[PDB]
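Novice: As input, take final.txt (compact mmCIF, N, CA and C atoms):
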# COMPACT_ATOMS: atom_id res chain seq x y z
N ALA U 1 94.70 54.62 145.76
CA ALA U 1 96.06 55.20 145.78
C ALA U 1 96.14 56.27 146.86
N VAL U 2 97.32 56.44 147.44
CA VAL U 2 97.51 57.44 148.48
C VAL U 2 97.90 58.78 147.86
N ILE U 3 97.27 59.85 148.31
CA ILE U 3 97.55 61.17 147.79
C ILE U 3 98.57 61.87 148.68
N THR U 4 99.74 62.14 148.12
CA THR U 4 100.81 62.80 148.86
C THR U 4 101.52 63.81 147.96
N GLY U 5 100.80 64.32 146.98
CA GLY U 5 101.36 65.29 146.08
C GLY U 5 100.64 65.32 144.75
N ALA U 6 100.22 66.50 144.33
CA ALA U 6 99.52 66.65 143.07
C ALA U 6 100.51 66.93 141.95
N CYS U 7 101.58 67.64 142.30
CA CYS U 7 102.60 68.00 141.34
C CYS U 7 103.95 68.17 142.02
N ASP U 8 104.88 68.80 141.30
CA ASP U 8 106.22 69.07 141.81
C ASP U 8 106.67 70.44 141.34
N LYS U 9 106.36 70.74 140.09
CA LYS U 9 106.69 72.02 139.50
C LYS U 9 105.44 72.87 139.40
N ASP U 10 105.53 74.10 139.91
CA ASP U 10 104.40 75.03 139.90
C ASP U 10 103.86 75.23 138.49
N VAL U 11 104.72 74.99 137.51
CA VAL U 11 104.38 75.10 136.10
C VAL U 11 103.17 74.22 135.76
N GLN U 12 103.05 73.11 136.48
CA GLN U 12 101.95 72.17 136.28
C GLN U 12 100.62 72.76 136.75
N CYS U 13 100.68 73.65 137.73
CA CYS U 13 99.49 74.30 138.26
C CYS U 13 99.25 75.63 137.56
N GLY U 14 99.26 76.71 138.33
CA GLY U 14 99.04 78.03 137.78
C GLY U 14 99.46 79.11 138.75
N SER U 15 99.74 80.30 138.23
CA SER U 15 100.16 81.42 139.05
C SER U 15 99.16 81.67 140.18
N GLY U 16 99.63 81.52 141.41
CA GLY U 16 98.77 81.69 142.55
C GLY U 16 98.85 80.49 143.47
N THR U 17 99.23 79.35 142.89
CA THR U 17 99.35 78.11 143.64
C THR U 17 100.73 77.48 143.40
N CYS U 18 101.31 76.89 144.43
CA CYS U 18 102.63 76.27 144.31
C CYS U 18 102.56 74.80 144.72
N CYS U 19 103.48 74.00 144.19
CA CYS U 19 103.52 72.57 144.47
C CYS U 19 104.42 72.25 145.67
N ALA U 20 104.38 73.11 146.68
CA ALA U 20 105.19 72.89 147.88
C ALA U 20 104.43 72.04 148.89
N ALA U 21 105.00 71.90 150.07
CA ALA U 21 104.37 71.13 151.13
C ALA U 21 103.49 72.05 151.97
N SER U 22 102.33 71.58 152.38
CA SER U 22 101.44 72.41 153.18
C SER U 22 102.04 72.66 154.56
N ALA U 23 101.80 73.86 155.08
CA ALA U 23 102.33 74.27 156.38
C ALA U 23 101.86 73.36 157.50
N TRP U 24 100.70 72.73 157.33
CA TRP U 24 100.16 71.86 158.36
C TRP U 24 100.67 70.42 158.22
N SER U 25 100.93 69.97 157.00
CA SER U 25 101.42 68.61 156.81
C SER U 25 102.32 68.49 155.58
N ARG U 26 103.51 67.93 155.78
CA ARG U 26 104.48 67.73 154.71
C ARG U 26 104.03 66.64 153.73
N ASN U 27 102.81 66.15 153.93
CA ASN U 27 102.24 65.12 153.08
C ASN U 27 101.52 65.77 151.90
N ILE U 28 101.08 67.01 152.09
CA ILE U 28 100.39 67.73 151.03
C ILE U 28 101.37 68.44 150.13
N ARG U 29 101.30 68.13 148.85
CA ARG U 29 102.15 68.74 147.84
C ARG U 29 101.34 68.99 146.58
N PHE U 30 100.15 69.54 146.77
CA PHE U 30 99.27 69.84 145.65
C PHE U 30 99.41 71.30 145.29
N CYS U 31 98.56 71.77 144.39
CA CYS U 31 98.57 73.18 144.00
C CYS U 31 98.00 74.01 145.15
N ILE U 32 98.81 74.26 146.17
CA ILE U 32 98.36 75.03 147.33
C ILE U 32 98.59 76.53 147.10
N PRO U 33 97.65 77.37 147.58
CA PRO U 33 97.71 78.83 147.39
C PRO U 33 98.96 79.50 147.97
N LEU U 34 99.34 80.60 147.33
CA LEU U 34 100.51 81.39 147.73
C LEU U 34 100.14 82.42 148.79
N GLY U 35 101.17 83.00 149.40
CA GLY U 35 100.96 84.00 150.44
C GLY U 35 100.44 85.32 149.89
N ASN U 36 99.53 85.94 150.63
CA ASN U 36 98.95 87.21 150.23
C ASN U 36 99.58 88.37 151.01
N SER U 37 98.97 89.54 150.91
CA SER U 37 99.47 90.73 151.59
C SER U 37 99.46 90.53 153.10
N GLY U 38 100.61 90.74 153.72
CA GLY U 38 100.72 90.58 155.16
C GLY U 38 101.01 89.15 155.57
N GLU U 39 101.15 88.27 154.58
CA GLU U 39 101.44 86.87 154.86
C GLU U 39 102.93 86.63 154.94
N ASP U 40 103.31 85.65 155.73
CA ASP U 40 104.72 85.31 155.91
C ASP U 40 105.25 84.60 154.68
N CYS U 41 106.47 84.93 154.29
CA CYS U 41 107.09 84.33 153.12
C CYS U 41 108.55 84.02 153.40
N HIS U 42 109.05 82.97 152.78
CA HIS U 42 110.43 82.58 152.96
C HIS U 42 111.30 83.29 151.94
N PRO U 43 112.31 84.05 152.40
CA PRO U 43 113.21 84.80 151.52
C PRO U 43 113.95 83.87 150.55
N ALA U 44 114.20 82.65 151.01
CA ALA U 44 114.90 81.64 150.21
C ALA U 44 114.03 81.13 149.07
N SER U 45 112.72 81.28 149.21
CA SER U 45 111.78 80.83 148.19
C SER U 45 111.71 81.86 147.06
N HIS U 46 111.93 81.40 145.83
CA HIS U 46 111.89 82.29 144.67
C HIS U 46 110.47 82.42 144.15
N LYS U 47 110.26 83.37 143.24
CA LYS U 47 108.95 83.61 142.65
C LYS U 47 108.42 82.35 141.97
N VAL U 48 107.11 82.19 141.97
CA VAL U 48 106.46 81.05 141.34
C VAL U 48 106.19 81.33 139.86
N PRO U 49 106.46 80.35 138.97
CA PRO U 49 106.97 79.02 139.34
C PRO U 49 108.41 79.06 139.84
N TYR U 50 108.66 78.32 140.91
CA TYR U 50 109.99 78.25 141.51
C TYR U 50 111.00 77.65 140.54
N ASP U 51 112.09 78.36 140.36
CA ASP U 51 113.17 77.96 139.46
C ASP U 51 114.07 76.88 140.08
N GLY U 52 113.48 75.75 140.45
CA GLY U 52 114.26 74.68 141.03
C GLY U 52 113.43 73.71 141.84
N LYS U 53 114.01 73.23 142.93
CA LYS U 53 113.33 72.30 143.82
C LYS U 53 113.58 72.71 145.27
N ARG U 54 112.54 72.67 146.09
CA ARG U 54 112.66 73.06 147.48
C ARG U 54 111.54 72.43 148.29
N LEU U 55 111.90 71.73 149.36
CA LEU U 55 110.91 71.07 150.21
C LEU U 55 110.44 72.01 151.31
N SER U 56 109.99 73.19 150.92
CA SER U 56 109.51 74.17 151.87
C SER U 56 108.02 73.98 152.12
N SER U 57 107.61 74.10 153.37
CA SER U 57 106.21 73.93 153.73
C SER U 57 105.44 75.25 153.66
N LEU U 58 105.84 76.12 152.74
CA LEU U 58 105.18 77.40 152.58
C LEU U 58 105.35 77.93 151.16
N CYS U 59 104.25 78.29 150.52
CA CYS U 59 104.29 78.85 149.18
C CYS U 59 104.78 80.29 149.25
N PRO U 60 105.54 80.75 148.25
CA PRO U 60 106.06 82.12 148.22
C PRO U 60 104.94 83.15 148.04
N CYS U 61 105.30 84.39 147.75
CA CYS U 61 104.31 85.44 147.55
C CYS U 61 103.59 85.26 146.23
N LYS U 62 102.29 85.51 146.25
CA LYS U 62 101.47 85.39 145.05
C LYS U 62 101.93 86.40 144.01
N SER U 63 101.70 86.06 142.74
CA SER U 63 102.09 86.91 141.63
C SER U 63 101.64 88.36 141.83
N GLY U 64 102.59 89.28 141.78
CA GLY U 64 102.29 90.68 141.97
C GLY U 64 102.83 91.21 143.28
N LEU U 65 102.87 90.35 144.29
CA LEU U 65 103.37 90.74 145.61
C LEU U 65 104.86 90.52 145.75
N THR U 66 105.48 91.32 146.59
CA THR U 66 106.91 91.22 146.83
C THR U 66 107.21 90.72 148.24
N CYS U 67 108.13 89.77 148.35
CA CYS U 67 108.52 89.23 149.64
C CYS U 67 109.65 90.06 150.23
N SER U 68 109.43 90.64 151.40
CA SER U 68 110.44 91.47 152.04
C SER U 68 110.28 91.41 153.54
N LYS U 69 111.37 91.67 154.26
CA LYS U 69 111.33 91.63 155.72
C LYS U 69 110.34 92.66 156.24
N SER U 70 109.28 92.17 156.86
CA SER U 70 108.24 93.03 157.39
C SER U 70 108.04 92.76 158.88
N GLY U 71 109.14 92.76 159.61
CA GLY U 71 109.08 92.50 161.03
C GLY U 71 110.22 91.61 161.48
N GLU U 72 109.88 90.40 161.89
CA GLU U 72 110.84 89.44 162.35
C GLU U 72 111.40 88.65 161.16
N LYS U 73 110.53 88.36 160.21
CA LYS U 73 110.90 87.63 159.02
C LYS U 73 110.38 88.35 157.78
N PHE U 74 110.37 87.65 156.66
CA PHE U 74 109.90 88.21 155.41
C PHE U 74 108.40 87.97 155.24
N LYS U 75 107.71 88.98 154.74
CA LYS U 75 106.28 88.90 154.51
C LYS U 75 105.95 89.54 153.17
N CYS U 76 104.84 89.11 152.60
CA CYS U 76 104.41 89.61 151.30
C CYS U 76 103.74 90.97 151.41
N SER U 77 104.12 91.87 150.52
CA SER U 77 103.57 93.21 150.48
C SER U 77 103.67 93.76 149.06
Translate the structure of the given file into structure tokens.

Specialist:
Amino acid sequence: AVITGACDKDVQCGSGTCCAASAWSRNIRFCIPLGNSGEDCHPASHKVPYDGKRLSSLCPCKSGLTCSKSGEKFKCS
């Protein structure tokens, strides 16, 4: 079988990993790690588990961190 996603809802994984698409390939949709301190985050992306559906190639800020504009875009701090 071809692997193109482990889950869809972060609820299936655990706090720290999201079921989004990997930044390198939109084929990866497994429990991929969230952004850490100083990491780029999408303002449109809600806290994990994400309250909906979004085909974003970037996991939001890890539990405990806040996503805010830290330069050109939003970053976790």

Novice: Taking only C-alpha atoms into account, name the residue in U:68, U:77, U:63, U:36 that is nearest to residue 16 in chain U.

Specialist: U:63

Novice: Step one, run DSSP on the backbone; step two, keep only residues of chain U assigned to strand (DSSP E); then write them as a ChimeraX atom specification.

Specialist: /U:17-18,32-33,40-41,67-69,74-76

Novice: Show me, as a list in words, the residues that have an atom within 6 Å of residue 27 in chain U when counting only N, CA and C atoms, minus same-chain residues fewer than 2 positions from it.

Specialist: residues 3, 4, 5, 21, 22, 25 and 29 of chain U

Novice: Would you compute the distance between atom C of residue 11 in chain U and CA of residue 53 in chain U? Give it in Å to one decimal.

Specialist: 13.1 Å

Novice: So how many Å separate CA of residue 35 in chain U and atom C of residue 1 in chain U, to one decimal?

Specialist: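 That distance, rounded to one decimal, is 28.4 Å.
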
Novice: Tell me, as a short mmCIF file (atom, residue, chain, number, x, y, z; two decimals) with N, CA and C atoms, in the coordinates of the input, which residues lie within 12 Å of residue 24 in chain U, counting only C-alpha atoms; anything in the same chain fewer than 5 positions away does not count.

Specialist:
data_model
loop_
_atom_site.label_atom_id
_atom_site.label_comp_id
_atom_site.auth_asym_id
_atom_site.auth_seq_id
_atom_site.Cartn_x
_atom_site.Cartn_y
_atom_site.Cartn_z
N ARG U 29 101.30 68.13 148.85
CA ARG U 29 102.15 68.74 147.84
C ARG U 29 101.34 68.99 146.58
N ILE U 32 98.81 74.26 146.17
CA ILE U 32 98.36 75.03 147.33
C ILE U 32 98.59 76.53 147.10
N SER U 56 109.99 73.19 150.92
CA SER U 56 109.51 74.17 151.87
C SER U 56 108.02 73.98 152.12
N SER U 57 107.61 74.10 153.37
CA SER U 57 106.21 73.93 153.73
C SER U 57 105.44 75.25 153.66
N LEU U 58 105.84 76.12 152.74
CA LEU U 58 105.18 77.40 152.58
C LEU U 58 105.35 77.93 151.16
#

Novice: From the options U:55, U:67, U:76, U:30, which residue's atoms come nearest to residue 17 in chain U, counting only N, CA and C atoms?

Specialist: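 Of U:55, U:67, U:76, U:30, the one nearest residue 17 in chain U is U:30, counting only N, CA and C atoms.
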
Novice: How far is it from CA of residue 18 in chain U to atom C of residue 41 in chain U, in Å with one decimal?

Specialist: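 For CA of residue 18 in chain U relative to atom C of residue 41 in chain U, the distance reads 13.3 Å.
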
Novice: Quick one: everything within 7 Å of residue 40 in chain U, counting only N, CA and C atoms, minus sequence neighbours fewer than 3 positions away in the same chain. Send it as JSON, numbers by chain.

Specialist: {"U": [35, 36, 37, 59, 60, 61, 73, 74, 75, 76]}

Novice: For a quick check of understanding, using only N, CA and C atoms, which of U:19, U:2, U:28, U:48 has the smallest distance to residue 62 in chain U?

Specialist: U:48

Novice: Under the rule that all atoms listed in the file are counted, which of U:9, U:43, U:49, U:14 is the nearest residue to residue 69 in chain U?

Specialist: U:43

Novice: With only N, CA and C atoms as the atoms that count, which of U:46, U:6, U:64, U:15 lies nearest to residue 33 in chain U?

Specialist: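 Nearest candidate to residue 33 in chain U out of U:46, U:6, U:64, U:15: U:15.
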
Novice: Which of these residues is nearest to residue 51 in chain U, using all atoms listed in the file: U:65, U:26, U:20, U:10?

Specialist: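 Among the listed residues, U:10 lies closest to residue 51 in chain U.
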
Novice: Where atoms are missing, can you supply N, CA, C and O atoms for range 11-34 of chain U and output the lot as a short mmCIF file (atom, residue, chain, number, x, y, z; two decimals), in the frame of the given file?

Specialist:
data_model
loop_
_atom_site.label_atom_id
_atom_site.label_comp_id
_atom_site.auth_asym_id
_atom_site.auth_seq_id
_atom_site.Cartn_x
_atom_site.Cartn_y
_atom_site.Cartn_z
N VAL U 11 104.72 74.99 137.51
CA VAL U 11 104.38 75.10 136.10
C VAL U 11 103.17 74.22 135.76
O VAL U 11 102.38 74.54 134.88
N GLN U 12 103.05 73.11 136.48
CA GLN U 12 101.95 72.17 136.28
C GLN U 12 100.62 72.76 136.75
O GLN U 12 99.56 72.43 136.22
N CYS U 13 100.68 73.65 137.73
CA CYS U 13 99.49 74.30 138.26
C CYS U 13 99.25 75.63 137.56
O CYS U 13 99.05 75.68 136.34
N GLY U 14 99.26 76.71 138.33
CA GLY U 14 99.04 78.03 137.78
C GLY U 14 99.46 79.11 138.75
O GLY U 14 99.54 78.86 139.96
N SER U 15 99.74 80.30 138.23
CA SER U 15 100.16 81.42 139.05
C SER U 15 99.16 81.67 140.18
O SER U 15 97.99 81.95 139.94
N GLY U 16 99.63 81.52 141.41
CA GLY U 16 98.77 81.69 142.55
C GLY U 16 98.85 80.49 143.47
O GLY U 16 98.57 80.59 144.66
N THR U 17 99.23 79.35 142.89
CA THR U 17 99.35 78.11 143.64
C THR U 17 100.73 77.48 143.40
O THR U 17 101.25 77.55 142.28
N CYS U 18 101.31 76.89 144.43
CA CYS U 18 102.63 76.27 144.31
C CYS U 18 102.56 74.80 144.72
O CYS U 18 101.68 74.40 145.48
N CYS U 19 103.48 74.00 144.19
CA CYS U 19 103.52 72.57 144.47
C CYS U 19 104.42 72.25 145.67
O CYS U 19 105.13 71.24 145.68
N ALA U 20 104.38 73.11 146.68
CA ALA U 20 105.19 72.89 147.88
C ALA U 20 104.43 72.04 148.89
O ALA U 20 103.34 71.54 148.60
N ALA U 21 105.00 71.90 150.07
CA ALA U 21 104.37 71.13 151.13
C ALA U 21 103.49 72.05 151.97
O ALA U 21 103.87 73.19 152.23
N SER U 22 102.33 71.58 152.38
CA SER U 22 101.44 72.41 153.18
C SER U 22 102.04 72.66 154.56
O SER U 22 102.72 71.80 155.12
N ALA U 23 101.80 73.86 155.08
CA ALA U 23 102.33 74.27 156.38
C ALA U 23 101.86 73.36 157.50
O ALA U 23 102.53 73.22 158.53
N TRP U 24 100.70 72.73 157.33
CA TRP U 24 100.16 71.86 158.36
C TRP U 24 100.67 70.42 158.22
O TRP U 24 100.84 69.73 159.23
N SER U 25 100.93 69.97 157.00
CA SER U 25 101.42 68.61 156.81
C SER U 25 102.32 68.49 155.58
O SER U 25 101.94 68.87 154.47
N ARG U 26 103.51 67.93 155.78
CA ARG U 26 104.48 67.73 154.71
C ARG U 26 104.03 66.64 153.73
O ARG U 26 104.76 66.28 152.82
N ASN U 27 102.81 66.15 153.93
CA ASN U 27 102.24 65.12 153.08
C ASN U 27 101.52 65.77 151.90
O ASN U 27 101.36 65.17 150.84
N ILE U 28 101.08 67.01 152.09
CA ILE U 28 100.39 67.73 151.03
C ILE U 28 101.37 68.44 150.13
O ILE U 28 102.15 69.28 150.59
N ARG U 29 101.30 68.13 148.85
CA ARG U 29 102.15 68.74 147.84
C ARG U 29 101.34 68.99 146.58
O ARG U 29 101.77 68.69 145.47
N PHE U 30 100.15 69.54 146.77
CA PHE U 30 99.27 69.84 145.65
C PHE U 30 99.41 71.30 145.29
O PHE U 30 100.24 72.00 145.87
N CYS U 31 98.56 71.77 144.39
CA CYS U 31 98.57 73.18 144.00
C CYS U 31 98.00 74.01 145.15
O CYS U 31 96.83 74.40 145.13
N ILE U 32 98.81 74.26 146.17
CA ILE U 32 98.36 75.03 147.33
C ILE U 32 98.59 76.53 147.10
O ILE U 32 99.56 76.93 146.47
N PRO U 33 97.65 77.37 147.58
CA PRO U 33 97.71 78.83 147.39
C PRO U 33 98.96 79.50 147.97
O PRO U 33 99.55 79.04 148.95
N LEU U 34 99.34 80.60 147.33
CA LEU U 34 100.51 81.39 147.73
C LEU U 34 100.14 82.42 148.79
O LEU U 34 98.96 82.68 149.03
#
